[PDB]
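Visitor: Residue numbers (the entry's author numbering), protein chains in the order written: chain a, 3 to 149, 151 to 159, 166 to 189, 199 to 202; chain b, 9 to 116, 120 to 131, 134 to 166, 168 to 192, 198 to 210, 212 to 221; chain I, 1 to 164; chain E, 1 to 164; chain K, 1 to 164; chain B, 1 to 176; chain F, 1 to 176; chain L, 1 to 176.
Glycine is no exception: its CB is placed at the ideal position from the N, C-alpha and C atoms.
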Ligand SMILES: C=CC1=C(C)[C@@H](Cc2[nH]c(/C=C3N=C(/C=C4\NC(=O)[C@H](C)[C@H]4CC)C(C)=C\3CCC(=O)O)c(CCC(=O)O)c2C)NC1=O
Ligand SMILES: C=CC1=C(C)[C@@H](Cc2[nH]c(/C=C3N=C(/C=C4\NC(=O)[C@H](C)[C@H]4CC)C(C)=C\3CCC(=O)O)c(CCC(=O)O)c2C)NC1=O
Ligand SMILES: C=CC1=C(C)[C@@H](Cc2[nH]c(/C=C3N=C(/C=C4\NC(=O)[C@H](C)[C@H]4CC)C(C)=C\3CCC(=O)O)c(CCC(=O)O)c2C)NC1=O
Ligand SMILES: C=CC1=C(C)[C@@H](Cc2[nH]c(/C=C3N=C(/C=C4\NC(=O)[C@H](C)[C@H]4CC)C(C)=C\3CCC(=O)O)c(CCC(=O)O)c2C)NC1=O
Ligand SMILES: C=CC1=C(C)[C@@H](Cc2[nH]c(/C=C3N=C(/C=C4\NC(=O)[C@H](C)[C@H]4CC)C(C)=C\3CCC(=O)O)c(CCC(=O)O)c2C)NC1=O
Ligand SMILES: C=CC1=C(C)[C@@H](Cc2[nH]c(/C=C3N=C(/C=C4\NC(=O)[C@H](C)[C@H]4CC)C(C)=C\3CCC(=O)O)c(CCC(=O)O)c2C)NC1=O
Ligand SMILES: C=CC1=C(C)[C@@H](Cc2[nH]c(/C=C3N=C(/C=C4\NC(=O)[C@H](C)[C@H]4CC)C(C)=C\3CCC(=O)O)c(CCC(=O)O)c2C)NC1=O
Ligand SMILES: C=CC1=C(C)[C@@H](Cc2[nH]c(/C=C3N=C(/C=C4\NC(=O)[C@H](C)[C@H]4CC)C(C)=C\3CCC(=O)O)c(CCC(=O)O)c2C)NC1=O
Ligand SMILES: C=CC1=C(C)[C@@H](Cc2[nH]c(/C=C3N=C(/C=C4\NC(=O)[C@H](C)[C@H]4CC)C(C)=C\3CCC(=O)O)c(CCC(=O)O)c2C)NC1=O
Ligand SMILES: C=CC1=C(C)[C@@H](Cc2[nH]c(/C=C3N=C(/C=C4\NC(=O)[C@H](C)[C@H]4CC)C(C)=C\3CCC(=O)O)c(CCC(=O)O)c2C)NC1=O
Ligand SMILES: C=CC1=C(C)[C@@H](Cc2[nH]c(/C=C3N=C(/C=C4\NC(=O)[C@H](C)[C@H]4CC)C(C)=C\3CCC(=O)O)c(CCC(=O)O)c2C)NC1=O
Ligand SMILES: CCC1=C(C)[C@@H](CC2=N/C(=C\c3[nH]c(C[C@@H]4NC(=O)C(C)=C4CC)c(C)c3CCC(=O)O)C(CCC(=O)O)=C2C)NC1=O
Ligand SMILES: CCC1=C(C)[C@@H](CC2=N/C(=C\c3[nH]c(C[C@@H]4NC(=O)C(C)=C4CC)c(C)c3CCC(=O)O)C(CCC(=O)O)=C2C)NC1=O
Ligand SMILES: CCC1=C(C)[C@@H](CC2=N/C(=C\c3[nH]c(C[C@@H]4NC(=O)C(C)=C4CC)c(C)c3CCC(=O)O)C(CCC(=O)O)=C2C)NC1=O
């Protein structure tokens with residue numbers, strides 16, 4: 003069993019965030035896997051940490067493993083803008099032949115137990131407030147208002170839909186309001 | 009990446025695991041709020057399905073369309089059966105995962124994404142415009158909008175969120191152009213192949 | 001499987017004779033020694049996980065160089081394989097105690113073991129250290145009776161002699 | 001003593017035939033490769049003491065545990081015997097280079113070495129480390145010509161394979 | 001098919017060993033001597049018809065009694081069979097030069113030839129006359145190089161010794 | 001070859017399991033009945049000549065064509081071979097009884113015995129009848145009910161060993 | 001057994017033909033590449049234990065059911081038999097590479113190997129996997145592309161010898 | 001069996017010494033004369049039947065009692081045994097010449113040959129005469145001084161190989 007108690011953690015860019023995952027186990031030897039689920043839901047392997055190994059490190063990714071406390075909390079360092087995902091603490095015992103139940107299974111049949119995941123949002127770094135340039139987009143009885152604005156506080166009728174605030178690659182925010199002005 | 013099928017029907021879950029020396033294929037369900045959990049694994053050599061305890065046989069079947077190919081079959085679909093499914097096989101350092109397909113089970120229209128196109134002032138101001146493409150009333154919400162050039166195969171394009179309109183969904187995307200940049204749309208329901217939208221200068 | 005019964009029956013079959021007084025006498029010895037044999041076997045079966053853990057820990061403590069890169073214990077995977085090997089040997093020792101002879105050990109853990117360990121860079125000294133630790137760790141009458149201890153230590157010494 | 005000449009002559013004798021075109025061809029190969037293998041043998045004979053010293057130093061640096069009590073090399077006499085064993089193997093490699101085949105190695109260092117090293121608790125990995133260091137330490141043509149190096153490394157790899 | 005390569009590989013397989021330095025050395029001798037023996041083979045393959053006809057003429061000139069009734073060669077059919085046999089032997093000699101060993105001769109022209117010739121009243125002296133004429137007729141460097149001549153005459157002498 | 005203990009070990013090895021408490025208890029029961037098993041083996045081997053000769057004679061008396069010309073028991077050579085093969089079958093049955101397992105019987109007697117008898121022309125039905133008469137005689141000797149031989153043994157139930165002997169003889173008969 | 005020269009002679013013997021100019025030129029190419037062939041055979045044999053141990057270990061790592069109870073690599077006896085078979089296959093592959101012909105391999109190792117493995121229960125898929133890993137490692141050693149062991153040879157192209165080694169290993173895999 | 005290189009190694013092994021510079025130079029001389037040695041071996045083997053018939057016929061003509069009744073060469077069976085023995089001795093002498101060492105001859109032909117001949121009644125004087133005539137013919141063929149057949153070789157002094165052949169034949173004579 004895996005217990006990721008906290009989800010939706012927030013941490014800025016170029017920062018370090020520690021994702022605290024616990025686990026319950028009756029296995030003498032095991033491994034702990036750390037997966038990030040992309041918005042495309044592509045479960046991606048990040049780092050492998052075993053029960054009887056030194057705390058794992060994969061460059062940016064690192065683990066602070068515990069045996070008695072069973073705290074194998076992954077730590078990410080120097081976060082990039084495209085590092086936000088749903089991070090899963092995966093407890094499995096693939097390459098283990100001794101110290102598990104007495105079943106006749108050859109560890110290729112062994113399931114990888116997952117925690118409920120922790121979503122990470124990589125907020126941009128603190129920086130001087132930026133004035134947004136506004137263009138209102140219209141083509142065929144449809145109005146879309148795209149707004151260089153920091154923080155996420157632009158605070159911008167057949168139907169008007171929820172504006173979408175996204176972190177621009179420029180280390181800032183860009184927003185679109187689509188519906189059938200400036201306040202930042 | 010998405011599979012929409014009515015209740016009391018059959019859903020085919022293919023995936024892209026190109027593993028050749030596989031011996032077991034595990035099928036994980038992530039129900040987007042719980043942990044990804046195995047329903048069964050497919051014994052590749054012996055062609056057996058091992059359902060986890062407390063389940064009922066005849067709910068999950070692993071089909072072998074080709075050599076190194078697998079598909080999960082779901083009989084008498086219910087809404088609880090909805091989620092995201094992965095085929096997982098153990099690799100040397102980890103467990104490899106397929107791209108993952110989303111199975112939405114609806115009770116039982121043209122739910123293709125309707126392309127609303129906003130050809131863009135900005136080139137007067139910043140000599141760099143943007144093309145934003147809107148796709149409305151599609152089902153399911155599982156969609157993928159990315160932008161490419163006519164010359165090459168994934169340009170960094172800002173992507174807004176998805177919003178339910180009444181019972182279908184809406185989603186847009188724009189690409190801050192510093198040429199004919201196309202807007203590839205990947206949805207389940209399209210005009212069989214995935215969608216695509218042109219944009220002129 | 002090398003045992004009292006199988007040895008006597010094989011000798012009689014090679015001579016093409018019915019079981020004689022000596023064969024029944026040998027089986028009587030099997031009967032008498034079975035008490036200690038099966039006591040040791042049952043204790044080992046009930047406490048093998050702890051015994052295997054202790055043997056592996058002693059093996060890696062006496063030879064920390066195994067954890068060096070390019071050595072047999074250079075990863076958690078093959079450290080667990082070392083513990084699994086010790087478990088295999090202890091299970092074969094349990095089988096030998098149940099059987100009454102080295103048959104299971106001879107056929108399943110000793111035959112070809114030298115070639116495997118040479119080919120896989122597994123020093124026999126590490127196995128020997130694990131089994132020596134298991135043998136010298138056994139306490140009488142705490143762990144088993146004196147004669148069950150004789151059977152258990154005899155199986156371990158047989159494994160050690162097969163490795164050295 | 002396995003060599004080109006002995007192998008072909010033994011084949012002809014087993015068939016009970018006079019030396020034929022193929023036997024003379026093989027001895028021509030002896031002639032052709034003798035330059036390289038005898039250059040390797042001469043270099044090894046002239047620099048064997050330092051080569052053996054380096055091989056033993058590398059063996060004991062790779063496995064310092066050999067100095068621990070109860071292990072091969074826990075006394076100065078045992079370390080001297082290790083260096084003498086490496087000297088014996090290098091002498092047999094020189095003999096193989098002179099002979100042109102693994103004959104001297106097979107008969108005098110390899111045959112029974114498995115049983116000797118198992119009985120005396122001599123880990124084959126130590127010998128393998130010494131010979132691997134000797135093989136990788138060789139430089140062309142700083143130490144010997146390319147083909148002499150090929151023959152020397154071939155003899156060393158033959159010893160290593162006999163040990164692993 | 002006996003050759004250098006087959007001899008060394010068969011010896012290694014009988015001893016159950018990988019090709020060692022001696023085997024590669026013998027193959028190197030094959031490489032060295034292939035030039036001469038393949039020159040001889042090429043010359044014989046290019047001029048075999050004249051050589052065969054001429055060996056047959058010499059055979060029947062030395063033994064004109066073979067044309068007498070009841071003898072081998074008493075009919076044009078049997079004379080043509082004589083020339084065909086000399087052609088077969090020359091082709092097998094070409095094969096022996098190509099492979100670098102007596103293999104093709106041993107297995108296809110020599111084995112059982114004694115029984116065949118005794119049963120069919122084919123005197124070995126006639127074949128010996130043909131091959132001796134072919135051997136002594138060769139001229140250096142007139143027909144082939146010195147070493148090609150050595151290999152060709154060696155094959156012919158091997159055939160003669162097989163017939164005498 | 002395997003005995004009861006080695007059979008239990010092999011079954012445990014298929015599961016990579018230490019010999020369980022249930023298997024250990026079964027082997028302890030085997031040991032506790034070990035004196036009875038030794039008495040049963042002694043009963044069989046002390047009358048082995050009687051068992052084999054009586055069974056061959058009964059097989060012949062029920063099938064007189066066996067000693068007729070062309071019959072497989074005609075020709076004292078064939079009769080001696082028949083008595084020898086019956087004695088071999090009883091010997092391996094006694095081995096199985098002593099071991100508590102039929103592995104020795106099948107592996108060293110019954111493997112290829114059917115094919116061998118087919119090739120030789122040995123009648124399978126008559127051989128089965130001889131093996132069944134051996135079964136009955138051996139069972140009687142185990143239970144000391146043999147009307148013409150009373151082996152002094154302590155009173156008790158040896159019906160388990162009698163059933164074991166019957167099962168070994170049935171395995172012989174089914175092999176052919 | 002046959003070599004490349006013996007193979008050419010056997011082919012010529014079929015048509016009662018003296019070895020033609022084209023076959024002679026092919027064998028002259030074989031000789032001119034003979035030093036490269038000896039290089040390749042030396043690279044294989046000097047790493048034979050490496051190749052065999054790595055191939056068997058990889059076959060086990062991808063298929064841990066082989067070392068599970070009932071698997072064909074469980075029981076150190078079976079493990080040593082597997083390592084011995086890998087060594088034998090590599091030895092006959094090296095024989096074929098040295099000879100330039102697969103006759104020695106096909107006639108002394110592959111002859112009856114498939115039915116032997118079927119009778120023994122040796123899994124053909126796992127054996128093929130082990131032989132394929134041996135092929136990859138041997139080819140890497142021929143081309144001196146092994147990451148952890150480089151053998152010094154003069155610069156050149158031995159892709160023909162690597163392809164020949166791969167062909168012998170593919171012959172081994174197809175035989176089973 | 002040992003060759004010249006193996007003989008040098010064995011001599012060096014007795015002192016636990018690496019092969020000395022003088023021994024290496026002697027073996028280099030052996031290699032430089034290796035083409036001469038192959039020339040000599042070819043000359044002997046190409047005339048092996050010639051030499052054996054020469055020797056046995058000369059031994060019989062010098063001692064006509066060998067073919068008289070009771071003689072050891074009378075009875076075509078004994079005559080063929082004599083011819084076979086001459087061929088075997090010449091074959092082992094050629095082995096020694098090719099190897100440059102008497103080890104193969106001593107260990108495989110002469111070991112126990114004297115006692116075997118004494119038990120069989122083979123006349124040691126006549127056998128020695130045959131061996132000496134073989135020595136003369138083989139020496140003539142080494143030096144290409146045989147009156148009836150000449151073998152084309154490059155001009156050079158092969159007196160060392162002729163003396164080696166003579167030494168091997170005299171060793172045969174001493175053994176008997
Ligand atoms: C089937 C085989 C079998 C064995 C070989 C033992 C091995 C073994 N011994 C101990 C544990 C122990 N073993 C001993 C015994 C001794 N310590 C000494 O110093 C004395 C020389 C000797 C007799 C008093 C003691 C005192 C302990 C408890 C403390 C310890 O861990 O050492 C433990 C840990 C669990 C426990 O028993 O508490 C194990 C696995 N047990 C088994 O089941
Ligand atoms: C039925 C009986 C039976 C056994 C007894 C074992 C024996 C055994 N061990 C290994 C395999 C192995 N065994 C070990 C164990 C060791 N690690 C160390 O540090 C020590 C030197 C040593 C134990 C003392 C290691 C390390 C390997 C793998 C070698 C490697 O590639 O690193 C293998 C090869 C297959 C595999 O990879 O699992 C086998 C057959 N297996 C059996 O089936
Ligand atoms: C017969 C076998 C044979 C060998 C295997 C070597 C082994 C060897 N190498 C060195 C010693 C040395 N050997 C070399 C040569 C080389 N060092 C490198 O790192 C390069 C790869 C390579 C070619 C440049 C060097 C540079 C030294 C001195 C530095 C050192 O000790 O590393 C010495 C000590 C004496 C000396 O200085 O030469 C010896 C015995 N010598 C032999 O006679
Ligand atoms: C008795 C033992 C014996 C051997 C072991 C070989 C050793 C040997 N190899 C080559 C020669 C060679 N060896 C190789 C081998 C290779 N080079 C690469 O880059 C590839 C990775 C690899 C393929 C196998 C090549 C390509 C040559 C040709 C170089 C040349 O001829 O100059 C030569 C010729 C001269 C030289 O270059 O030294 C010799 C003698 N010959 C023998 O007689
Ligand atoms: C592959 C084997 C091979 C041989 C054995 C020879 C054999 C041979 N050479 C010649 C051909 C000839 N060869 C020579 C040369 C010589 N004259 C002598 O007396 C010397 C011994 C010799 C070197 C001076 C001459 C002079 C002829 C023509 C005259 C003749 O037939 O004797 C002929 C006659 C037909 C012809 O070729 O024109 C024959 C059968 N050729 C071959 O292809
Ligand atoms: C082809 C040649 C050949 C033979 C020579 C005979 C030999 C022979 N005799 C008997 C069998 C027998 N033979 C006898 C004969 C004897 N009774 C006496 O009082 C005397 C001592 C003795 C001869 C005078 C008896 C009584 C039996 C029956 C044995 C029994 O079942 O008790 C049997 C066993 C089968 C049977 O019951 O018939 C055989 C093979 N049969 C052959 O097929
Ligand atoms: C030299 C070898 C050797 C043997 C042959 C046996 C003989 C033997 N049998 C039994 C003991 C026994 N033997 C039998 C046997 C039988 N009783 C019947 O009524 C059946 C007809 C028959 C079945 C085969 C029984 C039933 C017992 C149990 C009696 C008891 O244990 O008190 C005992 C224990 C003491 C006794 O009760 O006498 C012994 C030593 N043991 C040996 O070591
Ligand atoms: C000259 C050719 C030559 C061969 C190629 C082998 C072929 C061969 N292999 C085995 C025997 C065996 N071979 C294997 C090997 C295998 N098990 C696996 O899991 C792998 C897939 C595979 C090797 C890659 C095993 C495990 C056995 C023992 C089978 C058993 O006892 O159940 C046997 C039976 C005798 C024995 O056990 O040694 C033979 C003849 N032997 C030869 O003489
Ligand atoms: C006890 C039985 C027995 C025999 C059957 C003969 C058989 C026999 N004959 C000869 C020996 C001989 N036999 C002959 C006979 C022949 N001359 C011809 O012209 C014909 C071709 C042929 C008869 C048809 C000749 C010529 C020799 C001498 C061979 C030679 O030295 O050239 C020899 C060799 C010894 C010797 O030189 O005498 C022997 C063993 N000798 C025996 O001891
Ligand atoms: C590997 C070594 C090797 C040898 C050297 C021979 C040695 C040898 N020679 C003979 C046997 C014989 N050897 C001879 C030979 C001789 N008679 C003479 O008159 C001559 C003087 C002399 C040869 C020059 C004879 C005549 C016999 C037969 C004697 C007999 O059967 O009475 C025998 C007994 C078996 C047989 O008859 O073949 C043996 C072992 N054989 C071998 O295998
Ligand atoms: C595979 C088969 C094979 C052989 C059969 C030999 C054949 C052979 N012999 C010599 C070479 C020689 N052969 C002889 C032989 C002799 N000259 C005399 O005058 C004496 C009568 C006689 C003594 C035996 C001599 C003296 C040389 C030296 C000439 C030289 O090397 O140039 C050479 C070197 C080149 C040459 O000059 O021809 C070769 C290749 N080598 C082989 O590789
Ligand atoms: C005259 C042609 C003839 C025979 C021969 C027998 C042969 C015979 N013996 C039997 C059965 C049998 N036979 C013996 C052997 C018996 N015990 C001894 O110790 C002595 C000395 C014996 C030899 C005579 C025993 C002990 C049994 C067990 C059953 C019983 O007889 O009570 C059975 C019965 C098998 C069954 O139950 O199906 C038969 C048919 N019958 C015939 O019709
Ligand atoms: C931990 C479980 C495990 C293994 C064991 C290996 C087993 C293995 N070795 C391979 C392949 C392989 N193996 C070697 C040998 C290797 N290289 C060297 O330089 C030396 C000294 C070596 C000793 C080990 C070579 C040279 C190759 C060629 C390919 C390569 O590695 O580049 C391949 C690929 C075969 C193919 O191409 O199909 C495998 C699967 N892999 C695993 O996952
Ligand atoms: C008629 C009773 C009779 C004989 C038979 C011979 C037998 C004979 N041949 C010899 C010696 C001998 N024999 C041959 C073989 C011979 N030479 C050739 O060139 C070819 C092709 C040959 C085939 C026959 C050679 C080469 C020699 C070497 C000495 C020489 O002839 O010059 C020697 C001398 C041995 C010595 O030197 O001690 C003798 C006695 N002599 C006889 O009195």
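#1: Tell me whether residue 140 of chain L counts as near ligand 14, meaning its Cβ is closer than 7 Å to at least one heavy atom of that ligand.
#2: Does ligand 6 have a heavy atom nearer than 7 Å to the CB of residue 59 of chain B?
#3: Can you find a C-beta in chain I that's less than 8 Å from the C-beta of residue 119 of chain E?
#4: Name, in chain order, the residues that DSSP records as bridge partners for residue 92 of chain a.
Guide: Per the coordinate set shown:
#1: As a working mapping, residue 140 of chain L is identified with position 140 in the eighth chain. Yes, the beta carbon of residue 140 of chain L sits closer than 7 Å to at least one heavy atom of ligand 14.
#2: Within the sixth chain, the letter at position 59 stands for residue 59 of chain B. Residue 59 of chain B: no, Cβ never under 7 Å from ligand 6.
#3: Your numbering for residue 119 of chain E matches position 119 in the fourth chain. Yes, because at least one Cβ of chain I sits closer than 8 Å to the Cβ of residue 119 of chain E.
#4: Taking the first chain and counting its residues from 1, one reaches residue 92 of chain a at position 90. Listed as beta-bridge partners of residue 92 of chain a by DSSP are a/35 and a/116.
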